[PDB]
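Some notes on the structure that comes next.
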Amino acid sequence: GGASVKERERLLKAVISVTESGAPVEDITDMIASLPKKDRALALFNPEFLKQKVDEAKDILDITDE
């Protein structure tokens with residue numbers, strides 16, 4: 001129902017590994033950490049699911065940047 005501070009930093013590392021350098025990993029994490037609990041746990045456990053939400057977040061962050 002919102003990620004703990006411990007859970008949030010697990011998502012941060014997880015996001016960093018499937019992103020390059022210079023990617024907005026703090027903002028991508030904020031977006032994923034907002035998701036329901038079953039989807040957060042899925043993003044720490046399935047590296048391919050994580051890559052799908054990291055990418056579709058980083059795209060919404062592009063659409064919003066203009």
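Quick note on naming: the chains in the structure tokens go A, B, ... in the order shown, residues restart at 1 in each chain, and ligands are numbered from 1 in order of appearance.
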
Secondary structure check, helix (DSSP H, G or I) residues of region 4-62 of chain A, as a ChimeraX atom specification: /A:5-17,25-33,37-45,47-62

Would you put the residues from that selection into a file with N, CA and C atoms, as a compact mmCIF listing (two decimals), in the first residue's frame?
```
# COMPACT_ATOMS: atom_id res chain seq x y z
N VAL A 5 10.70 2.21 3.22
CA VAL A 5 11.94 2.81 2.78
C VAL A 5 12.93 1.74 2.40
N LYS A 6 12.89 0.60 3.09
CA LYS A 6 13.71 -0.55 2.71
C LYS A 6 13.28 -1.10 1.36
N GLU A 7 11.98 -1.30 1.15
CA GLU A 7 11.53 -1.81 -0.14
C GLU A 7 11.88 -0.86 -1.27
N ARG A 8 11.73 0.45 -1.03
CA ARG A 8 12.01 1.42 -2.08
C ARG A 8 13.47 1.35 -2.52
N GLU A 9 14.39 1.12 -1.59
CA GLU A 9 15.77 1.09 -2.03
C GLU A 9 16.14 -0.23 -2.71
N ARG A 10 15.41 -1.32 -2.43
CA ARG A 10 15.53 -2.51 -3.26
C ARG A 10 15.13 -2.22 -4.70
N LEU A 11 14.06 -1.44 -4.90
CA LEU A 11 13.64 -1.09 -6.26
C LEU A 11 14.66 -0.20 -6.93
N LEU A 12 15.34 0.64 -6.16
CA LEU A 12 16.31 1.56 -6.73
C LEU A 12 17.48 0.80 -7.36
N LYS A 13 18.10 -0.08 -6.58
CA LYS A 13 19.14 -0.95 -7.13
C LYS A 13 18.64 -1.72 -8.34
N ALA A 14 17.50 -2.41 -8.19
CA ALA A 14 16.94 -3.20 -9.28
C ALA A 14 16.78 -2.37 -10.54
N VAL A 15 16.32 -1.12 -10.40
CA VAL A 15 16.17 -0.23 -11.55
C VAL A 15 17.53 0.13 -12.15
N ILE A 16 18.53 0.39 -11.30
CA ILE A 16 19.87 0.77 -11.77
C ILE A 16 20.49 -0.33 -12.64
N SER A 17 20.27 -1.60 -12.28
CA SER A 17 20.91 -2.69 -13.01
C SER A 17 20.35 -2.85 -14.42
N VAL A 25 16.97 7.26 -12.68
CA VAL A 25 16.60 6.07 -11.92
C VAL A 25 15.79 6.43 -10.68
N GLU A 26 16.00 7.62 -10.11
CA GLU A 26 15.22 8.01 -8.94
C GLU A 26 13.75 8.22 -9.30
N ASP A 27 13.49 8.85 -10.45
CA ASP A 27 12.11 9.06 -10.88
C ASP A 27 11.45 7.77 -11.35
N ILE A 28 12.18 6.91 -12.08
CA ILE A 28 11.64 5.62 -12.48
C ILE A 28 11.26 4.80 -11.25
N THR A 29 12.12 4.82 -10.23
CA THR A 29 11.83 4.12 -8.98
C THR A 29 10.57 4.66 -8.31
N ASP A 30 10.47 5.99 -8.17
CA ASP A 30 9.27 6.61 -7.59
C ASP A 30 8.00 6.10 -8.27
N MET A 31 8.02 6.02 -9.60
CA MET A 31 6.87 5.52 -10.33
C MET A 31 6.58 4.05 -10.03
N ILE A 32 7.61 3.20 -10.01
CA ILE A 32 7.35 1.79 -9.77
C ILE A 32 6.97 1.56 -8.32
N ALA A 33 7.62 2.27 -7.40
CA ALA A 33 7.31 2.14 -5.98
C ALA A 33 5.88 2.51 -5.65
N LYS A 37 1.28 -3.65 -4.23
CA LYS A 37 2.33 -4.46 -3.62
C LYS A 37 2.64 -5.70 -4.46
N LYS A 38 1.61 -6.35 -5.02
CA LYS A 38 1.86 -7.55 -5.82
C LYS A 38 2.72 -7.26 -7.04
N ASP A 39 2.67 -6.03 -7.55
CA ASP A 39 3.45 -5.66 -8.73
C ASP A 39 4.86 -5.21 -8.36
N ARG A 40 5.02 -4.58 -7.19
CA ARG A 40 6.36 -4.31 -6.69
C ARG A 40 7.13 -5.60 -6.49
N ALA A 41 6.53 -6.58 -5.79
CA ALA A 41 7.23 -7.84 -5.53
C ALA A 41 7.54 -8.56 -6.83
N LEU A 42 6.64 -8.46 -7.81
CA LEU A 42 6.90 -9.01 -9.13
C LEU A 42 8.07 -8.33 -9.82
N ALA A 43 8.27 -7.03 -9.60
CA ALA A 43 9.37 -6.30 -10.23
C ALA A 43 10.72 -6.57 -9.59
N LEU A 44 10.74 -7.04 -8.34
CA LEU A 44 11.98 -7.47 -7.72
C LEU A 44 12.33 -8.91 -8.06
N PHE A 45 11.34 -9.71 -8.48
CA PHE A 45 11.49 -11.15 -8.66
C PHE A 45 11.62 -11.58 -10.11
N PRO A 47 13.12 -10.30 -13.54
CA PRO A 47 13.92 -9.23 -14.17
C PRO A 47 13.34 -8.75 -15.48
N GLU A 48 12.54 -9.59 -16.14
CA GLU A 48 11.94 -9.23 -17.41
C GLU A 48 10.68 -8.39 -17.23
N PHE A 49 9.91 -8.64 -16.16
CA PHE A 49 8.82 -7.74 -15.81
C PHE A 49 9.37 -6.36 -15.43
N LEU A 50 10.38 -6.34 -14.54
CA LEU A 50 11.04 -5.10 -14.17
C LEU A 50 11.47 -4.31 -15.40
N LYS A 51 12.05 -4.98 -16.40
CA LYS A 51 12.49 -4.27 -17.60
C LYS A 51 11.31 -3.70 -18.36
N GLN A 52 10.14 -4.35 -18.29
CA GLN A 52 8.97 -3.86 -19.00
C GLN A 52 8.41 -2.60 -18.34
N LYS A 53 8.42 -2.53 -17.01
CA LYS A 53 7.91 -1.34 -16.34
C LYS A 53 8.94 -0.23 -16.30
N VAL A 54 10.23 -0.57 -16.20
CA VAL A 54 11.24 0.47 -16.28
C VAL A 54 11.18 1.14 -17.64
N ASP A 55 11.01 0.35 -18.70
CA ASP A 55 11.00 0.95 -20.02
C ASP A 55 9.74 1.78 -20.25
N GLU A 56 8.57 1.26 -19.84
CA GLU A 56 7.36 2.04 -20.08
C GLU A 56 7.23 3.23 -19.14
N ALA A 57 7.94 3.22 -18.01
CA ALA A 57 8.06 4.44 -17.21
C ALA A 57 8.96 5.45 -17.90
N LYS A 58 10.18 5.05 -18.27
CA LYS A 58 11.13 5.93 -18.96
C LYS A 58 10.58 6.49 -20.26
N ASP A 59 9.51 5.92 -20.80
CA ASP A 59 8.87 6.47 -21.98
C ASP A 59 7.83 7.52 -21.62
N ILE A 60 7.02 7.24 -20.60
CA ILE A 60 6.13 8.26 -20.07
C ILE A 60 6.93 9.47 -19.61
N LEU A 61 8.11 9.25 -19.02
CA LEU A 61 8.99 10.36 -18.64
C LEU A 61 9.54 11.10 -19.85
N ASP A 62 9.60 10.45 -21.01
CA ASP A 62 9.98 11.18 -22.21
C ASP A 62 8.80 11.98 -22.77
```

Ranking A:34, A:19, A:46, A:24 by minimum distance to residue 4 (chain A) and counting only C-alpha atoms, which one comes first? A:34
